[PDB]
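Engineer: My file is final_3.cif. It has mmCIF, N, CA and C atoms and all ligand atoms:
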```cif
data_work
loop_
_atom_site.label_atom_id
_atom_site.label_comp_id
_atom_site.auth_asym_id
_atom_site.auth_seq_id
_atom_site.Cartn_x
_atom_site.Cartn_y
_atom_site.Cartn_z
N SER A 42 108.59 76.53 264.65
CA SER A 42 108.92 75.50 263.67
C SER A 42 109.66 76.12 262.49
N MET A 43 110.26 75.27 261.65
CA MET A 43 110.91 75.73 260.44
C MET A 43 109.86 76.04 259.36
N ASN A 44 110.31 76.51 258.20
CA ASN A 44 109.38 76.71 257.10
C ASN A 44 108.90 75.37 256.56
N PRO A 45 107.65 75.30 256.12
CA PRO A 45 107.22 74.14 255.32
C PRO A 45 107.80 74.26 253.93
N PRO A 46 107.75 73.23 253.11
CA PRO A 46 107.98 73.43 251.68
C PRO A 46 107.04 74.50 251.16
N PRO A 47 107.45 75.27 250.17
CA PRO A 47 106.57 76.32 249.60
C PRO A 47 105.35 75.68 248.96
N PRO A 48 104.31 76.45 248.64
CA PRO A 48 103.16 75.83 247.95
C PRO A 48 103.55 75.37 246.56
N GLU A 49 102.87 74.31 246.11
CA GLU A 49 103.00 73.85 244.73
C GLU A 49 102.83 75.01 243.75
N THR A 50 103.65 75.01 242.68
CA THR A 50 103.53 76.01 241.62
C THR A 50 103.44 75.45 240.19
N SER A 51 103.60 74.15 239.98
CA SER A 51 103.58 73.57 238.64
C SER A 51 103.06 72.15 238.78
N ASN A 52 102.35 71.68 237.75
CA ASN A 52 101.74 70.35 237.76
C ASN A 52 101.77 69.86 236.32
N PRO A 53 102.72 69.00 235.97
CA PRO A 53 102.90 68.69 234.55
C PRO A 53 101.75 67.89 233.94
N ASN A 54 100.96 67.17 234.75
CA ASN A 54 99.87 66.34 234.26
C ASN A 54 98.54 67.06 234.27
N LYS A 55 98.53 68.33 234.65
CA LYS A 55 97.32 69.11 234.63
C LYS A 55 97.22 69.89 233.33
N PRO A 56 96.03 69.92 232.73
CA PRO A 56 95.87 70.72 231.52
C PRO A 56 96.10 72.20 231.80
N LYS A 57 96.49 72.89 230.75
CA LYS A 57 96.77 74.31 230.78
C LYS A 57 95.77 75.02 229.89
N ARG A 58 95.30 76.18 230.35
CA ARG A 58 94.58 77.12 229.49
C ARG A 58 95.00 78.54 229.83
N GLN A 59 94.94 79.39 228.80
CA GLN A 59 95.20 80.82 228.90
C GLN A 59 93.86 81.51 228.68
N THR A 60 93.53 82.43 229.57
CA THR A 60 92.25 83.11 229.62
C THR A 60 92.50 84.61 229.68
N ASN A 61 91.57 85.37 229.09
CA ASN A 61 91.62 86.83 229.24
C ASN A 61 91.72 87.23 230.71
N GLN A 62 90.96 86.56 231.59
CA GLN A 62 90.97 86.93 233.00
C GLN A 62 92.30 86.58 233.65
N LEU A 63 92.83 85.39 233.39
CA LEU A 63 94.11 85.05 233.98
C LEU A 63 95.22 85.94 233.43
N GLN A 64 95.14 86.27 232.14
CA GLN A 64 96.11 87.20 231.56
C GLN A 64 96.09 88.53 232.32
N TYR A 65 94.88 89.00 232.63
CA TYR A 65 94.72 90.27 233.34
C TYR A 65 95.20 90.15 234.77
N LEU A 66 94.96 89.00 235.39
CA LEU A 66 95.44 88.82 236.76
C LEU A 66 96.96 88.86 236.83
N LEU A 67 97.65 88.39 235.80
CA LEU A 67 99.11 88.43 235.82
C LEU A 67 99.66 89.76 235.34
N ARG A 68 99.23 90.21 234.16
CA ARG A 68 99.82 91.40 233.55
C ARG A 68 99.32 92.71 234.14
N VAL A 69 98.16 92.73 234.81
CA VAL A 69 97.64 93.94 235.45
C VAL A 69 97.66 93.84 236.98
N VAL A 70 96.95 92.86 237.53
CA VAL A 70 96.74 92.83 238.98
C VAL A 70 98.04 92.52 239.70
N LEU A 71 98.67 91.39 239.38
CA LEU A 71 99.91 91.02 240.05
C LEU A 71 100.97 92.10 239.83
N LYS A 72 101.10 92.57 238.59
CA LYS A 72 102.12 93.56 238.27
C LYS A 72 101.92 94.82 239.09
N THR A 73 100.68 95.31 239.17
CA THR A 73 100.39 96.54 239.90
C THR A 73 100.72 96.39 241.39
N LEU A 74 100.29 95.27 241.98
CA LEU A 74 100.53 95.03 243.40
C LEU A 74 102.01 94.87 243.67
N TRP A 75 102.70 94.12 242.79
CA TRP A 75 104.11 93.84 242.99
C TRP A 75 104.91 95.14 243.12
N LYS A 76 104.58 96.13 242.28
CA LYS A 76 105.26 97.42 242.21
C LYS A 76 104.84 98.39 243.31
N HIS A 77 103.80 98.07 244.07
CA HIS A 77 103.35 98.96 245.14
C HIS A 77 104.45 99.11 246.18
N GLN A 78 104.60 100.32 246.71
CA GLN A 78 105.66 100.56 247.66
C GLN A 78 105.57 99.71 248.93
N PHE A 79 104.41 99.16 249.26
CA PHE A 79 104.28 98.36 250.47
C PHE A 79 104.34 96.86 250.21
N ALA A 80 104.74 96.46 249.01
CA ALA A 80 104.62 95.06 248.61
C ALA A 80 105.72 94.14 249.15
N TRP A 81 106.87 94.67 249.58
CA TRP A 81 108.04 93.82 249.77
C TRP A 81 107.89 92.76 250.87
N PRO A 82 107.07 92.93 251.91
CA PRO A 82 106.87 91.80 252.84
C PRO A 82 106.07 90.66 252.25
N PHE A 83 105.44 90.88 251.10
CA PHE A 83 104.47 89.95 250.52
C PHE A 83 104.99 89.23 249.28
N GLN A 84 106.24 89.51 248.88
CA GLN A 84 106.82 89.00 247.64
C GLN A 84 107.45 87.62 247.75
N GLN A 85 107.42 86.98 248.92
CA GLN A 85 108.05 85.68 249.09
C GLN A 85 107.51 85.03 250.34
N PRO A 86 107.68 83.72 250.51
CA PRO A 86 107.20 83.09 251.74
C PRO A 86 107.76 83.78 252.97
N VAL A 87 106.92 83.82 254.00
CA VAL A 87 107.35 84.32 255.30
C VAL A 87 108.47 83.43 255.81
N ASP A 88 109.65 84.01 256.02
CA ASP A 88 110.79 83.24 256.54
C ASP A 88 110.74 83.22 258.06
N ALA A 89 110.25 82.11 258.62
CA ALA A 89 110.03 82.05 260.06
C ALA A 89 111.33 82.09 260.84
N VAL A 90 112.42 81.63 260.25
CA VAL A 90 113.68 81.66 260.99
C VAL A 90 114.27 83.06 260.97
N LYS A 91 114.41 83.65 259.76
CA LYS A 91 115.01 84.96 259.62
C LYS A 91 114.26 86.01 260.42
N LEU A 92 112.93 85.88 260.51
CA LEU A 92 112.07 86.85 261.18
C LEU A 92 111.78 86.50 262.62
N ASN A 93 112.26 85.34 263.08
CA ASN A 93 112.07 84.90 264.46
C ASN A 93 110.58 84.74 264.75
N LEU A 94 109.89 83.99 263.89
CA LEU A 94 108.46 83.74 264.01
C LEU A 94 108.23 82.23 264.10
N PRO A 95 108.69 81.60 265.18
CA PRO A 95 108.60 80.14 265.26
C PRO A 95 107.18 79.60 265.38
N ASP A 96 106.18 80.44 265.64
CA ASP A 96 104.79 80.00 265.64
C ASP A 96 104.03 80.36 264.36
N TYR A 97 104.69 81.01 263.37
CA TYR A 97 103.96 81.41 262.17
C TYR A 97 103.25 80.22 261.53
N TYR A 98 103.97 79.14 261.29
CA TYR A 98 103.36 77.98 260.63
C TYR A 98 102.66 77.05 261.61
N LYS A 99 102.65 77.38 262.90
CA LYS A 99 101.72 76.75 263.82
C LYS A 99 100.34 77.40 263.72
N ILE A 100 100.30 78.68 263.33
CA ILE A 100 99.06 79.45 263.25
C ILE A 100 98.50 79.46 261.83
N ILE A 101 99.39 79.57 260.86
CA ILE A 101 99.07 79.68 259.44
C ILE A 101 99.27 78.30 258.83
N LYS A 102 98.16 77.61 258.54
CA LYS A 102 98.16 76.30 257.88
C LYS A 102 97.89 76.36 256.38
N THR A 103 97.66 77.52 255.80
CA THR A 103 97.49 77.65 254.36
C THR A 103 98.35 78.83 253.90
N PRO A 104 99.67 78.66 253.91
CA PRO A 104 100.56 79.77 253.54
C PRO A 104 100.36 80.19 252.10
N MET A 105 100.57 81.47 251.85
CA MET A 105 100.57 81.97 250.49
C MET A 105 101.31 83.30 250.47
N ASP A 106 101.85 83.63 249.29
CA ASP A 106 102.60 84.86 249.08
C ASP A 106 102.57 85.22 247.60
N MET A 107 102.91 86.48 247.28
CA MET A 107 102.75 86.90 245.89
C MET A 107 103.79 86.30 244.99
N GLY A 108 104.94 85.93 245.54
CA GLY A 108 105.90 85.21 244.74
C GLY A 108 105.33 83.91 244.24
N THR A 109 104.69 83.16 245.14
CA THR A 109 104.03 81.91 244.76
C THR A 109 102.92 82.16 243.73
N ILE A 110 102.13 83.23 243.94
CA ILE A 110 101.03 83.53 243.03
C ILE A 110 101.54 83.86 241.65
N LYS A 111 102.60 84.68 241.59
CA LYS A 111 103.27 84.98 240.34
C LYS A 111 103.68 83.72 239.61
N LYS A 112 104.35 82.79 240.31
CA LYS A 112 104.78 81.56 239.65
C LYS A 112 103.58 80.74 239.20
N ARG A 113 102.56 80.63 240.06
CA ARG A 113 101.37 79.88 239.64
C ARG A 113 100.78 80.46 238.35
N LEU A 114 100.65 81.79 238.27
CA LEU A 114 100.10 82.40 237.07
C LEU A 114 100.96 82.09 235.87
N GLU A 115 102.27 82.30 236.03
CA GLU A 115 103.19 82.21 234.91
C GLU A 115 103.36 80.78 234.41
N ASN A 116 103.20 79.79 235.29
CA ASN A 116 103.30 78.38 234.92
C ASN A 116 101.96 77.81 234.45
N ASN A 117 100.91 78.63 234.37
CA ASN A 117 99.55 78.16 234.02
C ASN A 117 99.05 77.10 234.99
N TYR A 118 99.43 77.26 236.24
CA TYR A 118 98.97 76.39 237.30
C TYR A 118 97.49 76.58 237.53
N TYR A 119 97.02 77.82 237.40
CA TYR A 119 95.61 78.13 237.61
C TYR A 119 94.77 77.77 236.40
N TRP A 120 93.66 77.08 236.64
CA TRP A 120 92.67 76.84 235.61
C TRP A 120 91.54 77.84 235.66
N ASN A 121 91.08 78.18 236.86
CA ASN A 121 90.03 79.15 237.11
C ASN A 121 90.63 80.42 237.71
N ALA A 122 90.14 81.57 237.25
CA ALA A 122 90.54 82.84 237.84
C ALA A 122 90.28 82.89 239.33
N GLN A 123 89.19 82.24 239.77
CA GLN A 123 88.86 82.24 241.19
C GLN A 123 89.95 81.57 242.01
N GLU A 124 90.66 80.58 241.44
CA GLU A 124 91.77 79.99 242.17
C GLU A 124 92.81 81.05 242.51
N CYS A 125 93.11 81.93 241.54
CA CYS A 125 94.10 82.98 241.74
C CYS A 125 93.60 84.01 242.74
N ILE A 126 92.35 84.42 242.57
CA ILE A 126 91.76 85.41 243.45
C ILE A 126 91.70 84.88 244.88
N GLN A 127 91.32 83.61 245.03
CA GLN A 127 91.36 82.96 246.34
C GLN A 127 92.77 82.99 246.94
N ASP A 128 93.82 82.75 246.13
CA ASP A 128 95.18 82.78 246.67
C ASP A 128 95.54 84.16 247.19
N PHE A 129 95.18 85.20 246.46
CA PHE A 129 95.39 86.55 246.97
C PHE A 129 94.64 86.75 248.28
N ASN A 130 93.36 86.31 248.34
CA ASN A 130 92.59 86.45 249.57
C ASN A 130 93.25 85.68 250.70
N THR A 131 93.76 84.48 250.41
CA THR A 131 94.44 83.69 251.44
C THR A 131 95.66 84.44 251.98
N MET A 132 96.41 85.04 251.08
CA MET A 132 97.60 85.79 251.48
C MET A 132 97.25 86.94 252.44
N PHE A 133 96.30 87.79 252.04
CA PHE A 133 95.90 88.89 252.91
C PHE A 133 95.38 88.38 254.24
N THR A 134 94.54 87.33 254.19
CA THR A 134 94.01 86.72 255.40
C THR A 134 95.12 86.23 256.32
N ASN A 135 96.14 85.57 255.78
CA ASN A 135 97.22 85.09 256.63
C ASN A 135 97.88 86.24 257.41
N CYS A 136 98.12 87.34 256.74
CA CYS A 136 98.69 88.50 257.42
C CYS A 136 97.78 88.96 258.56
N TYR A 137 96.48 89.04 258.31
CA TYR A 137 95.55 89.48 259.35
C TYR A 137 95.47 88.48 260.49
N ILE A 138 95.50 87.19 260.17
CA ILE A 138 95.40 86.16 261.20
C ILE A 138 96.59 86.23 262.14
N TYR A 139 97.79 86.26 261.56
CA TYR A 139 98.98 86.16 262.37
C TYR A 139 99.13 87.38 263.25
N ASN A 140 98.82 88.54 262.72
CA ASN A 140 99.02 89.81 263.38
C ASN A 140 97.72 90.29 264.00
N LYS A 141 97.73 91.53 264.47
CA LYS A 141 96.67 92.10 265.27
C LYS A 141 96.20 93.39 264.63
N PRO A 142 94.93 93.75 264.82
CA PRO A 142 94.45 95.04 264.30
C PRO A 142 95.34 96.18 264.77
N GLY A 143 95.64 97.08 263.84
CA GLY A 143 96.48 98.21 264.13
C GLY A 143 97.95 97.97 263.97
N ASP A 144 98.39 96.72 263.76
CA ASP A 144 99.81 96.51 263.60
C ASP A 144 100.26 97.11 262.28
N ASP A 145 101.52 97.59 262.25
CA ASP A 145 102.03 98.24 261.05
C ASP A 145 101.90 97.32 259.83
N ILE A 146 102.22 96.03 259.98
CA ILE A 146 102.16 95.12 258.84
C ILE A 146 100.73 94.98 258.32
N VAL A 147 99.75 95.04 259.22
CA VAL A 147 98.35 94.96 258.83
C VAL A 147 97.94 96.18 258.03
N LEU A 148 98.46 97.37 258.37
CA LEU A 148 98.18 98.55 257.56
C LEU A 148 98.72 98.41 256.14
N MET A 149 99.89 97.76 255.97
CA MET A 149 100.44 97.54 254.62
C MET A 149 99.53 96.61 253.83
N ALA A 150 99.13 95.51 254.47
CA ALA A 150 98.24 94.56 253.81
C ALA A 150 96.94 95.25 253.40
N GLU A 151 96.37 96.08 254.28
CA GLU A 151 95.11 96.74 253.98
C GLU A 151 95.24 97.65 252.77
N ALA A 152 96.33 98.41 252.70
CA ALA A 152 96.60 99.26 251.54
C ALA A 152 96.66 98.43 250.26
N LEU A 153 97.40 97.32 250.29
CA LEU A 153 97.48 96.44 249.12
C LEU A 153 96.11 95.84 248.80
N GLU A 154 95.39 95.40 249.84
CA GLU A 154 94.10 94.75 249.59
C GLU A 154 93.12 95.70 248.91
N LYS A 155 93.13 96.98 249.31
CA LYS A 155 92.24 97.96 248.69
C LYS A 155 92.51 98.10 247.20
N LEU A 156 93.78 98.17 246.83
CA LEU A 156 94.18 98.20 245.43
C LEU A 156 93.78 96.92 244.70
N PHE A 157 94.08 95.77 245.30
CA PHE A 157 93.64 94.48 244.76
C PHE A 157 92.15 94.48 244.47
N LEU A 158 91.33 94.85 245.46
CA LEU A 158 89.88 94.83 245.25
C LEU A 158 89.45 95.73 244.09
N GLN A 159 90.06 96.91 243.97
CA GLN A 159 89.71 97.78 242.86
C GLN A 159 90.04 97.14 241.51
N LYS A 160 91.23 96.53 241.40
CA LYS A 160 91.59 95.91 240.13
C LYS A 160 90.75 94.67 239.82
N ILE A 161 90.44 93.86 240.85
CA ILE A 161 89.61 92.67 240.63
C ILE A 161 88.19 93.09 240.25
N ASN A 162 87.75 94.27 240.68
CA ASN A 162 86.40 94.71 240.33
C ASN A 162 86.30 95.17 238.87
N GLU A 163 87.42 95.24 238.18
CA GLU A 163 87.48 95.57 236.76
C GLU A 163 87.90 94.38 235.92
N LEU A 164 87.74 93.18 236.44
CA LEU A 164 88.18 92.00 235.72
C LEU A 164 87.41 91.89 234.42
N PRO A 165 88.08 91.70 233.26
CA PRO A 165 87.37 91.58 231.98
C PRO A 165 86.48 90.35 231.97
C1 LIG A 201 107.90 94.56 257.60
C2 LIG A 201 108.70 94.08 258.80
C3 LIG A 201 108.72 94.68 260.00
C4 LIG A 201 109.59 94.14 261.10
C5 LIG A 201 110.37 93.10 260.88
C6 LIG A 201 111.26 92.54 262.01
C7 LIG A 201 111.56 91.05 261.84
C8 LIG A 201 112.55 93.35 261.99
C9 LIG A 201 110.39 92.48 259.48
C10 LIG A 201 109.59 92.93 258.54
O1 LIG A 201 109.58 92.43 257.26
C11 LIG A 201 108.71 91.38 257.11
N1 LIG A 201 108.89 90.50 255.97
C12 LIG A 201 108.11 89.50 255.84
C13 LIG A 201 106.98 89.31 256.81
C14 LIG A 201 106.80 90.17 257.75
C15 LIG A 201 105.67 89.99 258.73
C16 LIG A 201 104.40 89.44 258.53
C17 LIG A 201 103.78 88.88 257.29
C18 LIG A 201 102.74 87.82 257.44
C19 LIG A 201 102.10 87.30 256.41
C20 LIG A 201 102.41 87.80 255.03
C21 LIG A 201 101.64 87.18 253.87
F1 LIG A 201 101.08 85.98 254.18
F2 LIG A 201 100.60 88.01 253.61
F3 LIG A 201 102.43 87.17 252.77
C22 LIG A 201 103.29 88.79 254.88
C23 LIG A 201 103.99 89.38 256.09
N2 LIG A 201 103.76 89.47 259.73
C24 LIG A 201 104.48 90.07 260.67
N3 LIG A 201 105.69 90.40 260.05
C25 LIG A 201 106.86 91.11 260.76
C26 LIG A 201 107.71 90.12 261.26
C27 LIG A 201 107.76 90.32 262.74
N4 LIG A 201 106.53 91.06 263.00
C28 LIG A 201 106.60 91.68 264.03
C29 LIG A 201 105.84 90.96 265.12
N5 LIG A 201 104.50 91.54 265.24
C30 LIG A 201 103.50 90.52 265.54
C31 LIG A 201 104.58 92.52 266.30
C32 LIG A 201 106.34 91.92 261.91
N6 LIG A 201 107.72 91.24 257.91
CL CL A 202 111.03 93.16 243.34
#
```
Here is a file; write its structure as structure tokens.
Structural biologist:
Amino acid sequence: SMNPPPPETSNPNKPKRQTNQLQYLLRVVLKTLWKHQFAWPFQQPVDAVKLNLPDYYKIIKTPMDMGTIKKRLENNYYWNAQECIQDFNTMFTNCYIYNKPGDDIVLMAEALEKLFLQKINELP
């Protein structure tokens, strides 16, 4: 199948709040992961056409990527830090679901996830 529309990133009728934790999720966690040498497959929606993955969105019904997470943070889409942390977990999970243990892409995700977990364990 083709790509779905990307996930929602802005909601004008939803209240906005800025939190120490959300600030840290954007300025520390997202920033650190984004700059990781293994991050580039995770910085934008999986392009099912360019990558020849016509079953990706048949298997993955809750797509997520760090580009989307970045926009959600920056637009104050998130009200609870757990929403953001869940999105990161969804992203890593999607990679594991689509692929198989031992696949090269899974090793990249695991490296990023380990760093993510360390930074989330220091959440203010
Ligand atoms: C790094 C890489 C290697 C090879 C290729 C070929 C197309 C040349 C491109 C490519 O670059 C790339 N860019 C973007 C995505 C993925 C990706 C993902 C993916 C899934 C979810 C997420 C999310 F959700 F966490 F963000 C992020 C990434 N899963 C697999 N792939 C590759 C595509 C083809 N596949 C090979 C087939 N396997 C099953 C043997 C490896 N790869
Ligand atoms: Cl970049």
Engineer: Any residue with an atom at most 7 Å from ligand LIG 201 (chain A) counts, using all atoms listed in the file. Which are they? Put them as a PyMOL selection string.
Structural biologist: chain A and resi 81-88+91-94+104-107+131-137+139-141+144-147+150
Engineer: What does the distance from atom CA of residue 95 of chain A to atom C of residue 130 of chain A come to in Å, to one decimal?
Structural biologist: 21.9 Å
Engineer: What is the atom CA of residue 70 of chain A-atom CA of residue 163 of chain A distance in Å, reported with one decimal?
Structural biologist: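 Distance between the two atoms: 9.9 Å.
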Engineer: Report, in Å with one decimal, the straight-line distance from atom CA of residue 116 of chain A to atom CA of residue 79 of chain A.
Structural biologist: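 One can read the atom CA of residue 116 of chain A to atom CA of residue 79 of chain A distance as 25.3 Å.
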Engineer: Between A:100, A:80, A:149, A:126, which one has atoms that come closest to ligand CL 202 (chain A), using all atoms listed in the file?
Structural biologist: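 With all atoms listed in the file as the atom set, the closest residue is A:80.
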Engineer: Could you pull the residues within 9 Å of residue 156 of chain A, counting only C-alpha atoms, minus those fewer than 5 positions along the same chain, as a ChimeraX atom specification?
Structural biologist: /A:70,73-74,151,161
Engineer: Please, which residues of segment 43-155 of chain A, numbered as in this document, come out helix (DSSP H, G or I) from DSSP, as a PyMOL selection string?
Structural biologist: chain A and resi 61-76+81-83+97-100+107-115+122-139+145-155
Engineer: Could you tell me which of A:96, A:48, A:66, A:159 comes closest to residue 123 of chain A if we count only C-alpha atoms?
Structural biologist: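 Using only C-alpha atoms, the shortest distance to residue 123 of chain A belongs to A:66.
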Engineer: Between A:155, A:57, A:90, A:113, which has the minimum distance to residue 44 of chain A (counting only N, CA and C atoms)?
Structural biologist: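 With only N, CA and C atoms as the atom set, the closest residue is A:90.
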Engineer: Out of A:49, A:75, A:138, A:124, which residue has the shortest atom-to-atom distance to ligand CL 202 (chain A) when counting all atoms listed in the file?
Structural biologist: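 For ligand CL 202 (chain A), the nearest of the given residues is A:75.
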Engineer: For ligand CL 202 (chain A), which residue out of A:58, A:50, A:111, A:64 is the nearest one, using only C-alpha atoms and all ligand atoms?
Structural biologist: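 Looking at the shortest contact to ligand CL 202 (chain A), the residue is A:111.
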Engineer: Hey, what's within 9 Å of residue 125 of chain A if we count only C-alpha atoms and toss same-chain stuff fewer than 2 positions away? As a PyMOL selection string, please?
Structural biologist: chain A and resi 63+66+110+113-114+119-123+127-130
Engineer: Of the candidates A:42, A:60, A:67, A:77, which shows the shortest atom-to-atom distance to residue 97 of chain A, using all atoms listed in the file?
Structural biologist: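 For residue 97 of chain A, the nearest of the candidates is A:42.
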